[PDB]
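Residues take their numbers from the sequence shown, with the count starting at 1.
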Amino acid sequence: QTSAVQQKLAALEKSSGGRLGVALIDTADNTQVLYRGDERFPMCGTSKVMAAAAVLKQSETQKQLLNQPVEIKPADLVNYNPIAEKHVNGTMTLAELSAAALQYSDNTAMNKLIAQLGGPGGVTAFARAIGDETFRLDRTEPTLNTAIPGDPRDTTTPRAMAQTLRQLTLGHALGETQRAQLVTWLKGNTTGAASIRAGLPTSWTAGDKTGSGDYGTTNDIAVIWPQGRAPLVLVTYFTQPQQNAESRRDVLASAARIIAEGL
Ligand SMILES: CO/N=C(\C(=O)N[C@@H]1C(=O)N2C(C(=O)O)=C(COC(C)=O)CS[C@H]12)c1csc(N)n1
Ligand SMILES: CO/N=C(\C(=O)N[C@@H]1C(=O)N2C(C(=O)O)=C(COC(C)=O)CS[C@H]12)c1csc(N)n1
């Protein structure tokens, strides 16, 4: 079948010139709205949530892990290091690296999270451990953001990512203290105002993690607390056919607005 919201998302996609994937979970009744919900999309920076969560999980059995210093060398710097660049020849704790990766989308910080987990496969193993059989991280930063059409590397589906984000932020995939830390980090994101959040009623609160890459790949995943109602989880992925396509955060905002209006 095809619902009204699904029809509106289809119209948005057609006018956009790209491919749109959406997954909503409304925890008020556990109902879902999917659009290309089982198609694979490049995650880009949205994968940073899985890496941070995996390190939080490790910290459950090490009350001091988040305070562990990690050396940042000049050679470690990649293509987007707004926080790490200030700490070259110094150190950052895993908590600092998690906050930098999530709230500033720092790619060098993400690489340190991946390294702590033993490589991209370590992040994938954590995803499997919490019931996500779809997610796959294959590369480090920044090549995990190449976003080449058809490439299965570093992809997931909207359905899978929404279910996992729910488990992490609203469920029991993490311990209570760790879940609160993850939510606090997401709510403090600095990069998300033009994406999902731009399509929501002003009064609503949210935590999100953006992603972007080649092929005008423009992503966002969010946990939303609408004013006076049970939280939602929303994933919006978008990618385009030309390598040099422009970013389209307005498409994500439009998708979120359609979703919000349809509740
Ligand atoms: C080889 O890697 N290529 C990247 C890339 O590093 N994407 C990563 C990603 O996701 N990040 C986000 C992100 O979270 O969206 C921002 C956020 O940007 C700002 C200013 O907030 C900065 S770029 C980084 C890329 C990005 S766009 C494009 N053509 N390529
Ligand atoms: C000359 O371009 N250099 C880029 C680059 O491709 N940036 C692109 C661009 O502008 N985009 C926008 C944008 O148009 O605003 C956003 C905004 O947020 C999202 C989600 O797209 C994310 S980055 C992407 C780059 C990537 S990493 C690095 N150090 N430089």
Side-chain angles (χ1 to χ4, degrees), residues 43-62 64-74 76-120 122-123 126-127 130 135 137 140-142 144-145 161 164-170 173-197 205-212 219-225 231 233 235:
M43 290 179 285
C44 301
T46 68
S47 65
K48 291 162 169 136
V49 175
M50 194 72 81
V55 170
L56 278 173
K57 177 49 77 169
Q58 285 186 334
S59 79
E60 285 170 31
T61 46
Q62 306 192 58
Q64 285 313 290
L65 177 66
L66 293 177
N67 292 333
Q68 193 175 303
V70 177
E71 287 182 333
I72 310 299
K73 296 294 220 133
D76 303 348
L77 301 183
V78 293
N79 66 330
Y80 192 76
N81 337 291
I83 307 306
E85 69 186 15
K86 305 191 283 198
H87 302 290
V88 168
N89 292 322
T91 64
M92 291 175 67
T93 68
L94 283 166
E96 282 181 293
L97 291 157
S98 292
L102 292 176
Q103 304 186 321
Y104 296 84
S105 215
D106 191 303
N107 287 349
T108 293
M110 169 62 156
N111 273 349
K112 299 308 190 195
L113 302 180
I114 295 167
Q116 162 65 201
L117 305 166
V123 186
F126 169 73
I130 64 170
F135 175 103
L137 200 70
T140 57
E141 295 280 6
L144 67 82
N145 307 281
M161 192 61 113
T164 291
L165 188 60
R166 191 211 173 144
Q167 292 288 318
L168 291 174
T169 61
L170 301 172
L174 298 175
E176 174 86 283
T177 298
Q178 290 71 34
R179 166 174 58 258
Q181 183 57 268
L182 178 62
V183 167
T184 292
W185 281 330
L186 291 170
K187 284 183 161 187
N189 183 29
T190 68
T191 66
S195 305
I196 285 166
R197 183 60 172 124
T205 59
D208 83 292
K209 180 71 198 79
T210 54
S212 58
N219 296 336
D220 200 21
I221 70 179
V223 55
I224 302 157
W225 292 266
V233 174
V235 167

Test side chain to side chain donor-acceptor pair (under 3.5 Å) on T191 and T210 and set out the steps. CA-CA 7 Å; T191 66; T210 54; 2.8 Å; yes

Judged by atom type as modelled, is there a donor-acceptor pair below 3.5 Å linking the side chain of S47 to the main-chain atoms of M43? no

Within a strict 4.5 Å, meaning less than it, do heavy atoms of the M50 and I130 side chains meet? yes

Within a 6.0 Å radius of atom CD on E85, are there more than 12 heavy atoms belonging to other residues, nucleotides or ligands? yes

Are the side chain of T190 and the backbone of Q103 linked by a donor-acceptor contact shorter than 3.5 Å? yes

If I compare all heavy atoms of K209 with all of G45, which pair ends up nearest, and what's the gap? CE-O, 3.4 Å

Check for a donor-acceptor pair, side chain of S59 on one end and backbone N or O of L56 on the other, with a separation under 3.5 Å. yes

So which heavy atom on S105 is nearest to which on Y80, and how close? O-CD2, 3.3 Å

Considering all heavy atoms of both residues, which atom of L102 and which atom of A52 are nearest to each other, and what is their separation? CD1-CB, 3.7 Å

For residues 92-119, which residue pairs pass the salt bridge (charged side-chain N to carboxylate O under 4.0 Å, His left out) check, not counting sequence neighbours? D76-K112

Any chance the side chains of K187 and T205 put a donor and an acceptor closer than 3.5 Å? no

Value for NE2 (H87) from OG1 (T93), rounded to nearest 0.5 Å, stands at 9.5 Å

I would like to know whether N67 and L94 meet side-chain contact (heavy atoms from CB on, under 4.5 Å); could you show each step before the answer? CA-CA 6 Å; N67 292 333; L94 283 166; over 6 Å; no

Over all heavy atoms of both residues, which pair between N89 and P74 is shortest? Give the atoms and the distance, please. OD1-CD, 3.4 Å

With rounding to the nearest 0.5 angstrom, report the CE to CG distance, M110 to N145. 8.5 Å

Here the gap from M161 atom CE to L168 atom CG, rounded to the nearest 0.5 Å, amounts to 9.0 Å

So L170 and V223, do their side chains get closer than 4.5 Å, heavy atoms only? yes

Kindly give the heavy-atom pair with the smallest separation between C44 and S212, and that separation in Å. CB-O, 3.4 Å

Do side-chain atoms of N189 reach the backbone of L186 as a donor and acceptor pair under 3.5 angstrom? no

Treating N111 as the side-chain partner and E141 as the backbone partner, does any N or O pair qualify as donor plus acceptor under 3.5 Å? yes

Between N107 and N79: side-chain donor-acceptor atoms closer than 3.5 Å: yes

For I114 and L144 the tightest heavy-atom approach is CD1-CD2, 4.3 Å

Does the side chain of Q116 come within less than 4.5 Å of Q68's, by heavy atoms? yes

Does the side chain of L97 reach to within under 4.5 Å of the side chain of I72, using non-hydrogen atoms? yes

Quick one: CD1 on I221 to CG on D208, what's the gap to the nearest 0.5 Å? 8.5 Å

For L174, is there any backbone N or O sitting under 3.5 Å from a side-chain donor or acceptor partner on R179? yes

Looking at CG of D220 and CD1 of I196, how far apart are the two atoms once the value is rounded to the nearest 0.5 Å? 4.0 Å

Worked check of side chain to side chain donor-acceptor pair (under 3.5 Å) between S98 and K48: CA-CA 9 Å; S98 292; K48 291 162 169 136; over 6 Å; no

Side chains of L182 and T169, heavy atoms from C-beta outward: is any pair under 4.5 Å? yes

With heavy-atom distances below 4.5 Å as the criterion, would you say the side chains of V78 and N81 are in contact? yes

Any side-chain heavy atom of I224 sitting closer than 4.5 Å to one from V233? no

OG1 on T108 to CG on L77, rounded to 0.5 Å: 5.0 Å

Using modelled atom types and a 3.5 Å cut-off, is there a donor and acceptor pairing between side-chain atoms of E60 and backbone atoms of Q178? no

